Amino acid sequence: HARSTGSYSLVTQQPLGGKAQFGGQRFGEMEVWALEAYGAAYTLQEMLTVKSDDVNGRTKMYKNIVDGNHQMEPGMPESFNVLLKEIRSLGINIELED
Amino acid sequence: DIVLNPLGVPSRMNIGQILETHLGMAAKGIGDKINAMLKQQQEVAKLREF
Amino acid sequence: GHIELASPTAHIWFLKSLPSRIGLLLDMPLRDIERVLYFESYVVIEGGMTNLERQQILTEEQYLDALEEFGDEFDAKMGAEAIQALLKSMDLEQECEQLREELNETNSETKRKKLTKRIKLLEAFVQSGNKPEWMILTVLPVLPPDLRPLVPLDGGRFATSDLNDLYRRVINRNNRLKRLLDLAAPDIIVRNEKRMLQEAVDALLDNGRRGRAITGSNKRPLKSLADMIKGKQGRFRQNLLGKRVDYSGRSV
Amino acid sequence: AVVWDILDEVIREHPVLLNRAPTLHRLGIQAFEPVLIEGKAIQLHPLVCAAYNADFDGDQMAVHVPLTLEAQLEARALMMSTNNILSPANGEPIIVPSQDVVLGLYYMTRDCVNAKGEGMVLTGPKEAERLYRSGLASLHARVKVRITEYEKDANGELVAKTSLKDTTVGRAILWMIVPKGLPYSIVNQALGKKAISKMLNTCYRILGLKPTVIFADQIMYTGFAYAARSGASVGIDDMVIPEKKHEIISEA
Amino acid sequence: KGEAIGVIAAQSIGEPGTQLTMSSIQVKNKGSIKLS
Amino acid sequence: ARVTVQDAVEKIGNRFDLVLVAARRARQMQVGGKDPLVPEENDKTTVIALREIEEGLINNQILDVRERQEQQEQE
Amino acid sequence: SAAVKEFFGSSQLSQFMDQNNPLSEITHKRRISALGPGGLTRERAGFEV
Amino acid sequence: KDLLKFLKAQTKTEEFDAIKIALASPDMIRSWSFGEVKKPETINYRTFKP
Amino acid sequence: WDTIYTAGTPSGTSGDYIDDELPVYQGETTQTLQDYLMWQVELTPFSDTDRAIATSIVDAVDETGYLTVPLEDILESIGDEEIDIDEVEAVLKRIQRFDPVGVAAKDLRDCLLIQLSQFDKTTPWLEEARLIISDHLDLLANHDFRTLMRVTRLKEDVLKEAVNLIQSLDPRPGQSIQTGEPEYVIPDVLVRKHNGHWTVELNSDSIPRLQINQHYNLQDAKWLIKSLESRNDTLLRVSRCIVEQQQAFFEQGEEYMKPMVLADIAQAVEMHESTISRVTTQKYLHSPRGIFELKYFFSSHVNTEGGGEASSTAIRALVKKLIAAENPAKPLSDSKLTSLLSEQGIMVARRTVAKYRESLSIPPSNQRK
Amino acid sequence: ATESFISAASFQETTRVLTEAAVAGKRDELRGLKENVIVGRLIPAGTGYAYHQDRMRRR
Amino acid sequence: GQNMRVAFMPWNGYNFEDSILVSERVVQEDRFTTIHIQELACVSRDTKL
DNA sequence: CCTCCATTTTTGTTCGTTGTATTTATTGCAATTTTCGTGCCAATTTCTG
DNA sequence: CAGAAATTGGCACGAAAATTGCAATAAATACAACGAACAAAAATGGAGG
Ligand SMILES: [Mg+2]
């Protein structure tokens with residue numbers, strides 16, 4: 001099984017799972033630990049943002065790759081915004097600043 | 001037909017496969033003798049004796 | 001969005017998460033506060049000039065006797081409004097100074113630790129901009145709809161999810177309580193409605209932590225907001241620390 | 001038909017990341033240069049399996065593509081399999097031969113008391129190889145070979161010395177892949193797994209990283225070739241039972 | 001500088017975890033005897 | 001540079017600074033339109049940068065000097 | 001009829017037959033399970049069972 | 001307005017340095033909201049719209 | 001006994017549902033026509049203004065792939081006063097060549113010309129078809145072939161080849177991107193003939209599992225239990241009354257439906273008119289004739305000279321039957337229709353007949369020959 | 001018992017950590033690896049190390 | 001299964017760590033060829049329109 | 001006989017890795033909007049001179 | 001090709017009919033199976049003065 005781009009989840013905006021759904025491979029905590037141990041910061045930032053759930057970054061990365069310019073402009077993952085909304089639904093004021 | 005690594009036998013201790021290989025060789029040899037007799041048509045007495 | 005609650009309701013996280021912050025701040029044991037919140041016993045908010053003092057936990061018969069003896073010379077309440085009144089009137093700097101004096105006067109080990117912890121809680125509350133009465137809910141936030149979608153079925157029909165069920169129960173209880181209160185019903189009914197509203201809000205915020213988990217059609221507990229937040233299937237461990245990615249494959 | 005030429009053009013020097021689960025240490029992910037093949041299975045270098053804890057009886061691997069230039073350079077400089085020959089837990093090599101390679105290297109570096117071609121005098125390793133390939137000398141025959149070896153100087157330069165060594169045909173044959181700077185006593189014995197690991201570690205400590213990769217690949221090739229040539233098998237007569245077993249059991 | 005050594009140490013300790021399970025003095029060799 | 005990066009690491013000293021320097025030079029050659037200082041032999045820019053660093057023709061100081069010179073020339 | 005249909009079609013111990021070969025079917029039909037309704041659970045079972 | 005700036009505003013990413021957590025006043029909760037929910041009814045099945 | 005099915009589609013699931021905890025529903029994303037169009041817009045070397053114009057243009061494309069607002073609307077929606085209309089036209093021309101070709105066209109002639117502009121010049125009957133589409137596209141709609149032949153100055157065979165080439169194109173290019181899946185409806189009440197008379201019965205696809213959680217609260221749900229029973233009772237009674245009053249619609253099809261209203265059923269079932277209007281909406285019944293909404297059986301009426309009333313649906317069916325068998329050489333005008341229905345006792349007007357014909361989507365008499 | 005409540009709520013006991021942090025009005029400075037992994041930034045180690053110092057000089 | 005003629009020996013690293021080396025004559029004779037069958041369904045329904 | 005310390009009891013939090021779903025409850029008024037048939041006239045096309 | 005009939009439909013008219021918000025609405029026997037470590041807090045016993 002292989003995948004370059006496909007359909008995403010509606011709430012988390014992340015790739016789905018399974019071969020029958022043309023899903024992606026999971027990059028769990030232990031793979032993150034391995035990348036941290038190597039010291040590959042840019043590979044990890046690619047895994048976390050422009051390949052899973054940074055939407056504008058997803059589109060701009062695809063356009064840049066087709067354009068012949070291998071460079072990313074990362075943003076904020078959608079799941080963190082979902083987390084902020086879910087925490088604020090508990091009556092707790094959590095926010096970014098400065 | 002097939003080549004298998006001999007290094008997988010001694011550490012796993014499944015010695016049944018080696019004995020099965022030997023006995024299968026013996027059975028195929030019996031079959032080969034019968035086939036050789038059948039091809040050069042010989043009398044039924046020799047076939048049933050063997 | 002938001003929901004306007006007809007009556008104040010305590011936040012279960014700040015009450016039933018050990019050590020209890022409400023109890024530690026009011027220096028009252030947890031069980032007494034739980035009894036008062038769930039409409040079982042009375043607490044005296046103002047001692048007035050009678051024998052009643054602060055935080056004394058009356059009962060129903062004791063309250064009736066107090067009413068017939070001392071009359072209208074005191075103030076005693078039950079429910080979340082009583083705890084809100086206790087928290088609102090209480091001061092912080094003076095309590096800090098008195099606790100410091102008591103700590104530096106008497107000599108012990110257990111009570112010294114208790115007073116140190118209470119002093120730390122009070123100082124933390126003063127340093128932050130928070131006010132203690134914010135630990136009682138009066139307005140309730142409502143999650144955006146696209147983060148709690150309905151479940152489509154065959155034939156072009158939808159089924160409600162768990163968060164929607166909990167929100168519906170809260171809204172129904174709130175509407176019934178508002179109608180009863182405007183209709184001037186007897187107290188023995190409005191108090192029951194208030195208790196059921198408190199239970200519904202507690203179930204919505206953290207289902208199963210207090211009492212028993214409310215189940216659905218599948219005889220299984222519903223998913224509250226805390227369930228979304230925490231666990232091995234929560235956002236942190238399932239989405240924010242690891243995730244599925246594009247440009248990947250697998251094979252033998 | 002042209003998209004395959006395009007595909008060969010784009011993957012030319014673009015690394016990929018291979019990962020096998022569970023990832024227990026950082027050597028569970030490694031970077032490789034792809035070679036396009038037919039079929040549906042991923043081919044893996046034999047020397048890295050120990051790092052992955054992988055074997056070819058049904059395992060699967062995931063493959064990821066780095067996109068930007070920084071990621072590609074990190075794959076080439078930090079994660080590539082040629083940068084990961086030493087363990088990070090201890091200082092020992094991890095990319096080391098095993099099984100068939102070890103069996104072949106052990107078999108070729110052995111001596112037999114009365115073997116064909118024993119007692120000859122050879123002008124060097126090439127004559128030993130020429131004799132072996134012609135059938136004129138056994139791989140285990142004890143001979144005398146003129147060996148030239150180099151040693152590093154105080155200022156860091158190699159000086160040569162040549163002498164007649166008592167060895168066997170197979171050890172002189174194996175000496176042709178050992179890089180300059182290592183002593184001949186490193187192969188003048190029957191090699192096992194520990195001896196080969198020691199030889200790789202000595203090569204790394206004396207000569208650096210670049211010769212060590214070449215040495216490891218040559219060792220793998222030679223071990224495979226001679227393990228194939230030996231014809232080593234397993235039979236039922238190989239498990240020899242001692243004759244004293246019956247008496248010992250009876251006495252017990 | 002910048003190496004993440006805590007993760008390396010934790011992985012080094014944790015990786016081999018699955019291999020683990022779940023009236024008199026007689027001198028042995030020649031040498032002087034020391035007391036402290 | 002095609003197999004090992006040992007010479008480049010020795011030239012730059014740190015394996016973490018080498019990635020940054022090589023990425024900067026490769027981005028110059030891939031998008032900025034600069035020409036390689038070594039004979040290109042059907043190599044990618046990521047490998048051309050490392051081969052330039054091996055020969056000692058490129059490091060951070062040289063890149064900064066060339067950037068200042070180019071900016072002053074364009075001014 | 002609803003109860004009988006539910007038991008035969010959606011119980012824990014009612015399963016699609018294993019049908020790779022005759023041996024799979026024979027093995028499936030002679031199988032004993034400690035799980036199911038009125039039995040143990042995969043996690044809170046024990047170690048001596 | 002201008003459509004170019006309108007479209008460019010919706011891809012802008014916030015820049016921050018720290019995360020701050022605290023209790024929420026009733027005024028803060030009201031300031032988050034865009035309206036109040038009064039009915040427990042989700043979808044009108046007789047017209048298929050909220 | 002309820003009929004047991006003699007055939008069926010074996011269920012898709014082939015698992016043992018062993019896991020006792022499964023996550024919450026989230027859903028997936030879908031690629032519609034506009035998603036594909038925007039994906040193509042991003043990967044095109046536009047400019048900032050060009051990309052804004054393209055965004056505004058793609059916003060206006062409908063399901064069939066046709067532009068739904070004039071270019072002046074788009075130019076106004078841009079919101080910048082330096083931009084003229086020719087830039088919008090150029091961006092629209094560039095967009096119209098995206099896959100599928102012909103999308104975002106102003107009208108049919110434009111789409112057909114766009115599709116013909118892509119064929120190589122060596123296609124045999126290209127100029128003739130181009131001329132037909134460009135100049136005379138309504139003479140083809142009238143199936144004339146003689147005045148068109150008198151204007152195009154061509155023989156028969158060339159015209160036939162050109163028409164065949166024209167009709168091989170795609171009039172709705174944007175329907176290729178199929179993001180939708182055919183959705184269906186589940187009948188709630190089934191009508192079957194028992195003892196020669198039609199009787200109704202509720203569908204058994206619902207959930208009748210009456211259960212309570214006595215392990216531990218359920219008092220509120222006890223009221224919902226009987227609320228469901230009330231819903232079932234009212235639905236069954238209303239449907240039964242409808243079927244009892246309409247015993248002749250099922251037997252002989254249309255042309256026999258009675259002119260009933262909400263008040264009749266309200267009087268029959270002893271409920272308010274509003275309740276009848278609520279129950280008989282978006283609820284369906286299945287009959288050997290098809291699936292019909294309960295609202296389908298309520299209709300208007302017209303005076304009958306014999307002293308009765310005739311439903312409007314019956315008159316629509318009679319109009320359909322009469323028009324279907326008109327004279328092919330010279331069709332029937334509505335003046336003729338009002339005369340034919342007059343002799344039968346149906347006293348309707350002429351404009352009413354025209355309205356009925358319009359509702360049935362039937363071309364006038366001159367267009368039916 | 002670390003200075004970051006994000007890095008502590010990610011690990012265990014989310015309810016207790018979040019309650020204490022909300023009561024105390026804590027502020028998180030995003031200095032560890034886990035915090036930057038959560039928000040999808042560059043970790044302050046390896047090739048990202050030289051990046052973070054730059055920001056720490058402009059703050 | 002099938003009866004295969006087998007030898008136990010190392011062959012140039014192609015049976016390294018539980019790998020199997022197979023002759024081309026095995027493939028030519030279709031000794032391990034299998035048949036797989038699949039079912040699909042189209043349902044013509046009735047709807048409102 | 002009181003405080004206070006130690007001890008047993010009570011409650012809470014954690015534990016290797018995928019699976020495919022069934023929700024809506026009504027009911028009686030007063031107001032509002034929607035729709036009905038049918039007339040009027042104006043533009044169309046159609047046949048005849 | 002010109003001169004009006006025959007046709008069709010947009011627009012409008014009163015009048016019947018379909019569609020909405022908004023307060024009022026009840027409670028009847030069964031329901032399940034078995035986990036282990038470990039820590040922090042609470043309830044009680046008991047002893048020094
Ligand atoms: Mg394996």
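Here is how names work: the chains are called A, B, and so on, in the same order as the sequence lines, proteins then strands, and each is numbered from 1. Whatever order the structure lists them in is the order used to number ligands and atoms, beginning at 1. Worth knowing before you read on, the calculation uses all heavy atoms, side chains too, and leaves out hydrogens, waters and symmetry mates.
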Given the side-chain rings of D:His64 and A:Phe27, with only the six-membered ring counted for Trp, is the space between their centroids under 6.0 Å?
-> yes
Could you point out which residue of D:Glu33, D:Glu13, D:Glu70 forms a salt bridge (charged side-chain N to carboxylate O under 4.0 Å, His left out) with D:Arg76?
-> D:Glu33
For the Mg ion (ligand 1), what is the closest N, O or S atom on D:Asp59?
-> OD1
Here the pair of heavy atoms bringing D:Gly91 nearest to D:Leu86 is O-CD2, 3.5 Å
How is the N/O/S atom of D:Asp55 that comes nearest to the Mg ion (ligand 1) named?
-> OD1
Restricting to N/O/S, name the atom of D:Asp57 that gets closest to the Mg ion (ligand 1).
-> OD1
State whether the number of non-hydrogen atoms from other residues, nucleotides or ligands found under 6.0 Å of E:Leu20 atom CG is greater than 12.
-> yes
